[PDB]
$ cat my_file_16.cif   # mmCIF, C-alpha atoms and all ligand atoms
data_structure
#
loop_
_atom_site.group_PDB
_atom_site.id
_atom_site.type_symbol
_atom_site.label_atom_id
_atom_site.label_comp_id
_atom_site.auth_asym_id
_atom_site.auth_seq_id
_atom_site.Cartn_x
_atom_site.Cartn_y
_atom_site.Cartn_z
ATOM 1 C CA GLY A 1 -49.231 -36.011 -48.242
ATOM 2 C CA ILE A 2 -50.333 -35.254 -51.808
ATOM 3 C CA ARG A 3 -49.818 -31.479 -51.508
ATOM 4 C CA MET A 4 -46.287 -31.683 -50.158
ATOM 5 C CA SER A 5 -45.428 -34.371 -52.757
ATOM 6 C CA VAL A 6 -46.698 -32.291 -55.663
ATOM 7 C CA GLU A 7 -44.881 -29.230 -54.308
ATOM 8 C CA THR A 8 -41.678 -31.265 -54.044
ATOM 9 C CA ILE A 9 -41.822 -32.503 -57.644
ATOM 10 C CA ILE A 10 -42.640 -29.035 -59.005
ATOM 11 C CA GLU A 11 -39.847 -27.377 -57.013
ATOM 12 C CA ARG A 12 -37.459 -29.938 -58.422
ATOM 13 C CA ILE A 13 -38.612 -29.318 -62.011
ATOM 14 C CA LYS A 14 -38.344 -25.562 -61.450
ATOM 15 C CA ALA A 15 -34.749 -25.905 -60.147
ATOM 16 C CA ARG A 16 -33.822 -28.074 -63.186
ATOM 17 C CA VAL A 17 -35.308 -25.525 -65.592
ATOM 18 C CA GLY A 18 -33.714 -22.671 -63.665
ATOM 19 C CA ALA A 19 -30.317 -24.355 -64.093
ATOM 20 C CA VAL A 20 -30.406 -24.434 -67.899
ATOM 21 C CA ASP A 21 -28.044 -22.017 -69.693
ATOM 22 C CA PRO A 22 -30.390 -20.545 -72.324
ATOM 23 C CA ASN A 23 -27.489 -19.785 -74.693
ATOM 24 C CA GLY A 24 -25.466 -23.015 -74.038
ATOM 25 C CA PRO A 25 -25.979 -26.407 -75.759
ATOM 26 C CA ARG A 26 -29.688 -27.272 -75.806
ATOM 27 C CA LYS A 27 -31.637 -30.113 -77.386
ATOM 28 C CA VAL A 28 -35.058 -30.014 -75.758
ATOM 29 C CA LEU A 29 -36.813 -26.915 -77.095
ATOM 30 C CA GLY A 30 -40.497 -26.998 -76.731
ATOM 31 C CA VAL A 31 -43.476 -26.829 -74.505
ATOM 32 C CA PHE A 32 -44.552 -29.801 -72.411
ATOM 33 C CA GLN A 33 -47.922 -30.171 -70.798
ATOM 34 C CA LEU A 34 -47.412 -32.169 -67.621
ATOM 35 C CA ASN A 35 -50.405 -33.868 -66.020
ATOM 36 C CA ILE A 36 -49.659 -35.407 -62.619
ATOM 37 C CA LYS A 37 -52.299 -37.944 -61.601
ATOM 38 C CA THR A 38 -52.990 -37.843 -57.855
ATOM 39 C CA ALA A 39 -55.524 -39.740 -55.798
ATOM 40 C CA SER A 40 -57.504 -36.494 -55.524
ATOM 41 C CA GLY A 41 -57.212 -35.123 -59.006
ATOM 42 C CA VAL A 42 -54.953 -34.085 -61.800
ATOM 43 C CA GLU A 43 -52.351 -31.381 -61.183
ATOM 44 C CA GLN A 44 -51.761 -29.563 -64.495
ATOM 45 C CA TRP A 45 -48.436 -27.845 -65.241
ATOM 46 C CA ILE A 46 -46.807 -26.199 -68.243
ATOM 47 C CA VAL A 47 -43.121 -26.885 -68.565
ATOM 48 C CA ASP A 48 -41.898 -24.459 -71.195
ATOM 49 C CA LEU A 49 -38.431 -25.570 -72.182
ATOM 50 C CA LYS A 50 -38.349 -23.049 -75.017
ATOM 51 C CA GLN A 51 -38.878 -20.050 -72.734
ATOM 52 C CA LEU A 52 -37.517 -21.893 -69.634
ATOM 53 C CA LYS A 53 -40.607 -21.168 -67.525
ATOM 54 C CA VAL A 54 -42.878 -23.360 -65.378
ATOM 55 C CA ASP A 55 -46.560 -22.307 -64.794
ATOM 56 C CA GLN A 56 -49.657 -24.025 -63.426
ATOM 57 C CA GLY A 57 -52.227 -24.549 -66.190
ATOM 58 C CA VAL A 58 -53.199 -26.281 -69.397
ATOM 59 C CA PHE A 59 -51.364 -25.018 -72.471
ATOM 60 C CA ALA A 60 -53.100 -24.785 -75.859
ATOM 61 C CA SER A 61 -51.349 -27.045 -78.388
ATOM 62 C CA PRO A 62 -48.287 -28.087 -76.347
ATOM 63 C CA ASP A 63 -45.531 -29.869 -78.272
ATOM 64 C CA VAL A 64 -45.709 -32.933 -76.002
ATOM 65 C CA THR A 65 -48.168 -33.930 -73.268
ATOM 66 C CA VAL A 66 -46.912 -36.167 -70.453
ATOM 67 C CA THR A 67 -49.316 -37.870 -68.035
ATOM 68 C CA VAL A 68 -47.843 -39.764 -65.061
ATOM 69 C CA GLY A 69 -48.896 -40.769 -61.538
ATOM 70 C CA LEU A 70 -47.580 -38.749 -58.618
ATOM 71 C CA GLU A 71 -45.878 -41.745 -56.909
ATOM 72 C CA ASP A 72 -44.263 -42.756 -60.205
ATOM 73 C CA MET A 73 -42.974 -39.198 -60.683
ATOM 74 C CA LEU A 74 -41.425 -39.224 -57.217
ATOM 75 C CA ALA A 75 -39.836 -42.615 -57.920
ATOM 76 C CA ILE A 76 -38.372 -41.385 -61.198
ATOM 77 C CA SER A 77 -37.003 -38.289 -59.442
ATOM 78 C CA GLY A 78 -35.476 -40.373 -56.626
ATOM 79 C CA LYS A 79 -34.089 -42.854 -59.197
ATOM 80 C CA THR A 80 -35.921 -45.841 -57.716
ATOM 81 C CA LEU A 81 -37.809 -46.204 -61.022
ATOM 82 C CA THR A 82 -35.852 -45.739 -64.250
ATOM 83 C CA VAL A 83 -37.578 -44.025 -67.211
ATOM 84 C CA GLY A 84 -36.902 -47.146 -69.331
ATOM 85 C CA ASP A 85 -38.711 -49.287 -66.753
ATOM 86 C CA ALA A 86 -41.535 -46.741 -66.344
ATOM 87 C CA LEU A 87 -41.997 -47.000 -70.121
ATOM 88 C CA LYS A 88 -41.923 -50.824 -70.113
ATOM 89 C CA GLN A 89 -44.527 -50.803 -67.360
ATOM 90 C CA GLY A 90 -46.756 -48.383 -69.269
ATOM 91 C CA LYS A 91 -46.504 -45.775 -66.491
ATOM 92 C CA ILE A 92 -46.022 -42.828 -68.857
ATOM 93 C CA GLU A 93 -48.697 -41.651 -71.229
ATOM 94 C CA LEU A 94 -47.619 -39.352 -74.054
ATOM 95 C CA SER A 95 -49.101 -37.436 -76.915
ATOM 96 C CA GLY A 96 -47.514 -35.110 -79.423
ATOM 97 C CA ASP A 97 -44.036 -34.975 -80.900
ATOM 98 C CA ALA A 98 -42.014 -38.167 -80.579
ATOM 99 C CA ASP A 99 -38.794 -36.324 -81.429
ATOM 100 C CA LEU A 100 -39.091 -33.894 -78.499
ATOM 101 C CA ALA A 101 -40.228 -36.665 -76.122
ATOM 102 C CA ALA A 102 -37.183 -38.730 -77.064
ATOM 103 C CA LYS A 103 -34.884 -35.774 -76.531
ATOM 104 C CA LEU A 104 -36.453 -35.195 -73.099
ATOM 105 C CA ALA A 105 -35.804 -38.861 -72.198
ATOM 106 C CA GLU A 106 -32.110 -38.316 -72.936
ATOM 107 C CA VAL A 107 -31.736 -35.397 -70.499
ATOM 108 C CA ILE A 108 -34.031 -36.314 -67.572
ATOM 109 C CA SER B 1 -20.257 -57.241 -95.959
ATOM 110 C CA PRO B 2 -21.626 -60.690 -95.061
ATOM 111 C CA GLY B 3 -21.735 -59.660 -91.339
ATOM 112 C CA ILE B 4 -23.897 -56.617 -91.948
ATOM 113 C CA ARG B 5 -26.173 -58.827 -94.070
ATOM 114 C CA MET B 6 -26.408 -61.493 -91.407
ATOM 115 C CA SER B 7 -27.138 -58.826 -88.755
ATOM 116 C CA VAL B 8 -29.831 -57.136 -90.795
ATOM 117 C CA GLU B 9 -31.459 -60.416 -91.746
ATOM 118 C CA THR B 10 -31.531 -61.513 -88.135
ATOM 119 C CA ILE B 11 -33.111 -58.233 -86.954
ATOM 120 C CA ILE B 12 -35.814 -58.485 -89.624
ATOM 121 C CA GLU B 13 -36.532 -62.178 -89.099
ATOM 122 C CA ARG B 14 -36.970 -61.406 -85.424
ATOM 123 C CA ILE B 15 -39.340 -58.504 -86.091
ATOM 124 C CA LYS B 16 -41.305 -60.630 -88.600
ATOM 125 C CA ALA B 17 -41.648 -63.465 -86.034
ATOM 126 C CA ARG B 18 -42.867 -60.988 -83.437
ATOM 127 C CA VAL B 19 -45.352 -59.320 -85.783
ATOM 128 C CA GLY B 20 -46.562 -62.705 -87.043
ATOM 129 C CA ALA B 21 -47.179 -63.810 -83.416
ATOM 130 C CA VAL B 22 -49.636 -60.998 -82.737
ATOM 131 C CA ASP B 23 -53.311 -61.960 -82.493
ATOM 132 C CA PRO B 24 -54.979 -59.559 -84.946
ATOM 133 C CA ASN B 25 -58.080 -59.851 -82.741
ATOM 134 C CA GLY B 26 -56.529 -59.970 -79.277
ATOM 135 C CA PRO B 27 -55.747 -56.902 -77.209
ATOM 136 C CA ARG B 28 -53.624 -54.476 -79.262
ATOM 137 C CA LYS B 29 -52.601 -50.891 -78.570
ATOM 138 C CA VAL B 30 -49.824 -50.211 -81.084
ATOM 139 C CA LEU B 31 -51.895 -49.453 -84.141
ATOM 140 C CA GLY B 32 -49.380 -47.582 -86.231
ATOM 141 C CA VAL B 33 -47.020 -47.771 -89.150
ATOM 142 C CA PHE B 34 -43.378 -47.441 -88.090
ATOM 143 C CA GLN B 35 -40.631 -46.482 -90.510
ATOM 144 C CA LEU B 36 -37.478 -48.274 -89.345
ATOM 145 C CA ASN B 37 -34.185 -46.892 -90.631
ATOM 146 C CA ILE B 38 -31.119 -48.874 -89.524
ATOM 147 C CA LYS B 39 -27.787 -47.154 -90.150
ATOM 148 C CA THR B 40 -25.062 -49.444 -91.548
ATOM 149 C CA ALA B 41 -21.672 -49.010 -93.186
ATOM 150 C CA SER B 42 -23.321 -50.288 -96.386
ATOM 151 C CA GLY B 43 -26.089 -47.718 -96.254
ATOM 152 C CA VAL B 44 -29.388 -47.187 -94.417
ATOM 153 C CA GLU B 45 -31.622 -50.229 -94.278
ATOM 154 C CA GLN B 46 -35.154 -48.982 -94.741
ATOM 155 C CA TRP B 47 -37.985 -51.111 -93.424
ATOM 156 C CA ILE B 48 -41.744 -50.541 -92.884
ATOM 157 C CA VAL B 49 -43.104 -52.174 -89.787
ATOM 158 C CA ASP B 50 -46.879 -51.910 -90.263
ATOM 159 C CA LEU B 51 -48.504 -52.716 -86.933
ATOM 160 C CA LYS B 52 -51.939 -51.778 -88.247
ATOM 161 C CA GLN B 53 -51.903 -54.484 -90.951
ATOM 162 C CA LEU B 54 -49.270 -56.603 -89.157
ATOM 163 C CA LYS B 55 -46.899 -56.698 -92.169
ATOM 164 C CA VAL B 56 -43.164 -56.014 -92.566
ATOM 165 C CA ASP B 57 -41.804 -54.763 -95.952
ATOM 166 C CA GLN B 58 -38.494 -53.255 -97.103
ATOM 167 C CA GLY B 59 -39.026 -49.700 -98.320
ATOM 168 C CA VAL B 60 -39.943 -46.168 -97.308
ATOM 169 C CA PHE B 61 -43.551 -45.533 -96.297
ATOM 170 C CA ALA B 62 -45.191 -42.228 -97.236
ATOM 171 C CA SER B 63 -46.341 -40.579 -93.993
ATOM 172 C CA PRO B 64 -45.533 -43.187 -91.329
ATOM 173 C CA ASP B 65 -46.944 -42.607 -87.810
ATOM 174 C CA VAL B 66 -43.469 -42.880 -86.267
ATOM 175 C CA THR B 67 -40.025 -42.927 -87.774
ATOM 176 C CA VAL B 68 -37.290 -44.751 -85.852
ATOM 177 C CA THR B 69 -33.640 -44.223 -86.754
ATOM 178 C CA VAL B 70 -31.029 -46.395 -85.016
ATOM 179 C CA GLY B 71 -27.469 -47.769 -85.538
ATOM 180 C CA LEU B 72 -26.919 -51.393 -86.546
ATOM 181 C CA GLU B 73 -25.082 -52.494 -83.364
ATOM 182 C CA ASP B 74 -27.704 -50.809 -81.164
ATOM 183 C CA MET B 75 -30.593 -52.339 -83.157
ATOM 184 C CA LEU B 76 -28.961 -55.773 -82.922
ATOM 185 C CA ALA B 77 -28.714 -55.392 -79.153
ATOM 186 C CA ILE B 78 -32.334 -54.289 -78.851
ATOM 187 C CA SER B 79 -33.237 -57.209 -81.041
ATOM 188 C CA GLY B 80 -31.301 -59.705 -78.869
ATOM 189 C CA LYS B 81 -32.577 -58.299 -75.553
ATOM 190 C CA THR B 82 -29.155 -57.020 -74.583
ATOM 191 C CA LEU B 83 -30.406 -53.397 -74.672
ATOM 192 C CA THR B 84 -33.888 -52.285 -73.704
ATOM 193 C CA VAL B 85 -35.708 -49.690 -75.811
ATOM 194 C CA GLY B 86 -35.743 -47.679 -72.551
ATOM 195 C CA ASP B 87 -31.991 -47.761 -71.908
ATOM 196 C CA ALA B 88 -31.676 -46.912 -75.600
ATOM 197 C CA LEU B 89 -33.833 -43.791 -75.373
ATOM 198 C CA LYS B 90 -32.056 -42.697 -72.186
ATOM 199 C CA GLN B 91 -28.692 -43.044 -74.003
ATOM 200 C CA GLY B 92 -29.752 -41.003 -77.097
ATOM 201 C CA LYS B 93 -29.338 -44.117 -79.264
ATOM 202 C CA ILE B 94 -32.763 -43.806 -80.897
ATOM 203 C CA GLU B 95 -33.820 -40.866 -83.085
ATOM 204 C CA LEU B 96 -37.641 -40.516 -83.339
ATOM 205 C CA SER B 97 -40.061 -38.373 -85.289
ATOM 206 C CA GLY B 98 -43.835 -38.618 -85.420
ATOM 207 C CA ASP B 99 -46.444 -39.703 -82.900
ATOM 208 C CA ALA B 100 -45.207 -39.790 -79.286
ATOM 209 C CA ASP B 101 -48.244 -41.780 -78.125
ATOM 210 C CA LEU B 102 -47.480 -44.585 -80.548
ATOM 211 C CA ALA B 103 -43.774 -44.447 -79.688
ATOM 212 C CA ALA B 104 -44.581 -44.893 -75.996
ATOM 213 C CA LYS B 105 -47.019 -47.722 -76.710
ATOM 214 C CA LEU B 106 -44.315 -49.501 -78.751
ATOM 215 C CA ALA B 107 -41.802 -49.045 -75.858
ATOM 216 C CA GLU B 108 -44.259 -50.678 -73.476
ATOM 217 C CA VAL B 109 -45.217 -53.696 -75.537
ATOM 218 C CA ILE B 110 -41.898 -54.653 -77.106
HETATM 219 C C1 LIG C 201 -42.853 -32.584 -69.051
HETATM 220 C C2 LIG C 201 -42.558 -33.987 -68.549
HETATM 221 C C3 LIG C 201 -41.678 -33.896 -67.319
HETATM 222 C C4 LIG C 201 -40.754 -32.707 -67.486
HETATM 223 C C5 LIG C 201 -39.353 -33.126 -67.095
HETATM 224 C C6 LIG C 201 -38.768 -32.041 -66.223
HETATM 225 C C7 LIG C 201 -38.173 -30.955 -67.099
HETATM 226 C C8 LIG C 201 -37.009 -30.322 -66.348
HETATM 227 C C9 LIG C 201 -36.039 -29.714 -67.334
HETATM 228 C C10 LIG C 201 -34.759 -30.517 -67.475
HETATM 229 C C11 LIG C 201 -34.347 -30.501 -68.945
HETATM 230 C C12 LIG C 201 -33.109 -29.649 -69.190
HETATM 231 C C13 LIG C 201 -32.801 -29.567 -70.678
HETATM 232 C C14 LIG C 201 -32.137 -28.246 -71.021
HETATM 233 C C15 LIG C 201 -30.947 -28.480 -71.933
HETATM 234 C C16 LIG C 201 -31.458 -29.061 -73.236
HETATM 235 O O1 LIG C 201 -32.505 -28.600 -73.742
HETATM 236 O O2 LIG C 201 -30.826 -29.999 -73.779
HETATM 237 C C1 LIG C 202 -40.426 -41.327 -75.422
HETATM 238 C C2 LIG C 202 -40.288 -41.562 -73.918
HETATM 239 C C3 LIG C 202 -40.578 -40.312 -73.090
HETATM 240 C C4 LIG C 202 -40.332 -40.556 -71.599
HETATM 241 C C5 LIG C 202 -39.714 -39.353 -70.881
HETATM 242 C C6 LIG C 202 -40.756 -38.456 -70.204
HETATM 243 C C7 LIG C 202 -40.955 -38.763 -68.705
HETATM 244 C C8 LIG C 202 -41.153 -37.478 -67.896
HETATM 245 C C9 LIG C 202 -41.106 -37.706 -66.383
HETATM 246 C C10 LIG C 202 -40.211 -36.666 -65.711
HETATM 247 C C11 LIG C 202 -40.106 -36.858 -64.200
HETATM 248 C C12 LIG C 202 -38.859 -36.152 -63.674
HETATM 249 C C13 LIG C 202 -39.235 -34.843 -62.982
HETATM 250 C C14 LIG C 202 -38.411 -34.605 -61.725
HETATM 251 C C15 LIG C 202 -37.227 -33.679 -62.010
HETATM 252 C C16 LIG C 202 -35.987 -34.154 -61.285
HETATM 253 O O1 LIG C 202 -36.056 -34.659 -60.129
HETATM 254 O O2 LIG C 202 -34.867 -34.019 -61.836
HETATM 255 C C1 LIG C 203 -36.905 -49.204 -81.397
HETATM 256 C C2 LIG C 203 -38.131 -49.718 -82.124
HETATM 257 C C3 LIG C 203 -37.878 -51.128 -82.653
HETATM 258 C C4 LIG C 203 -38.728 -51.412 -83.879
HETATM 259 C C5 LIG C 203 -39.013 -52.903 -83.970
HETATM 260 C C6 LIG C 203 -40.458 -53.195 -83.600
HETATM 261 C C7 LIG C 203 -40.598 -54.563 -82.956
HETATM 262 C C8 LIG C 203 -41.812 -55.288 -83.530
HETATM 263 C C9 LIG C 203 -43.098 -54.744 -82.941
HETATM 264 C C10 LIG C 203 -43.843 -55.826 -82.162
HETATM 265 C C11 LIG C 203 -44.982 -55.168 -81.395
HETATM 266 C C12 LIG C 203 -46.126 -56.119 -81.049
HETATM 267 C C13 LIG C 203 -47.379 -55.357 -80.643
HETATM 268 C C14 LIG C 203 -48.610 -56.023 -81.238
HETATM 269 C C15 LIG C 203 -49.825 -55.941 -80.337
HETATM 270 C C16 LIG C 203 -50.154 -54.514 -79.996
HETATM 271 O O1 LIG C 203 -50.363 -53.708 -80.902
HETATM 272 O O2 LIG C 203 -50.254 -54.128 -78.808
#

$ encode --input "my_file_16.cif" --output "structure tokens"
Amino acid sequence: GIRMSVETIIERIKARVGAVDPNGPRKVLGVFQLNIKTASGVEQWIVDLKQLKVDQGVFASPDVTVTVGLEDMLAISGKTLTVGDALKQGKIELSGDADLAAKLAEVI
Amino acid sequence: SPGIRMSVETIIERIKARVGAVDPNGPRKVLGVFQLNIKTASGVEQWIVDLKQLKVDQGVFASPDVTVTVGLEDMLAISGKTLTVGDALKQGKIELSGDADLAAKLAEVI
């Protein structure tokens, strides 16, 4: 269902952020607003890769905002849809800093 | 280096053909000026790809919407459809600064 799917994606993001060494090599420092489009609404999450924290909400002046459908997010996570292909297909909507978005693309 | 020259000319001719093929009145979502810097052993090739006015000019624009910095061999491969702009980004082969919305729009339409 939608709830379980959203929970799955968020758990996965939290485990990825949890696994970062805050003092080790790091390229993606900034705050990402993540908007997950679901059939029932938008799920809004703040992925703070500066502070290495993930909270539900809408951040004021995030560095990058990423808007993506829930099914597309699951497909990216499961590697059945590459980020390159998502981009070609216009499945990812961005605003903000192109530098930080590009760096994020390198590490996903 | 004749080979660098040939490579650069081919990239630019290709971009000019593509820009010239755009219907200024048909559907368009990439309304931005892109600074394109191509690294070469002879120096950085600096080109302005103006997708607002649909013009390509050699030079450095003041305050472009997006700046794209990329190596000659990688740009050639993007140009010849041997590397997608998406594979490129995933591989760290493209340095960007500027407007992420316009960058993403470019990635979709190219
Ligand atoms: C905000 C759009 C989707 C967010 C993508 C999930 C983020 C998970 C974090 C993984 C990135 C790890 C990068 C840490 C090391 C580095 O900064 O180079
Ligand atoms: C300039 C292009 C930017 C494109 C890169 C942003 C896309 C963000 C989507 C992230 C989805 C991955 C989250 C799941 C985490 C995981 O399973 O590892
Ligand atoms: C890695 C970036 C490569 C830079 C080269 C840009 C390629 C030329 C751009 C052609 C885009 C055509 C889009 C016109 C219609 C539209 O705005 O949607």

$ interface_residues --input "my_file_16.cif" --of "chain A" --to "chain B" --cutoff "8 Å" --atoms "only C-alpha atoms" --output "ChimeraX atom specification"
/A:64,83-85,87-90,92-99,101-103,105-107

$ residues_near_ligand --input "my_file_16.cif" --ligand "ligand LIG 201 (chain C)" --cutoff "10 Å" --atoms "only C-alpha atoms and all ligand atoms" --output "VMD selection string"
chain A and resid 9 to 10 12 to 36 45 to 50 52 to 54 63 to 68 73 77 92 94 100 to 101 103 to 108

$ axis_aligned_box --input "my_file_16.cif" --around "ligand LIG 202 (chain C)" --padding-each-side "6 Å" --output "JSON"
{"center_x": -38.0, "center_y": -37.6, "center_z": -67.8, "size_x": 18.3, "size_y": 19.9, "size_z": 27.3}

$ atom_distance --input "my_file_16.cif" --atom1 "CA of residue 74 (chain B)" --atom2 "CA of residue 40 (chain B)"
10.8 Å

$ residues_near_point --input "my_file_16.cif" --point "(-54.3, -22.6, -65.0)" --cutoff "10 Å" --atoms "all atoms listed in the file" --output "list in words"
residues 43, 44, 45, 46, 55, 56, 57, 58 and 59 of chain A

$ atom_distance --input "my_file_16.cif" --atom1 "CA of residue 4 (chain A)" --atom2 "CA of residue 81 (chain A)"
20.0 Å
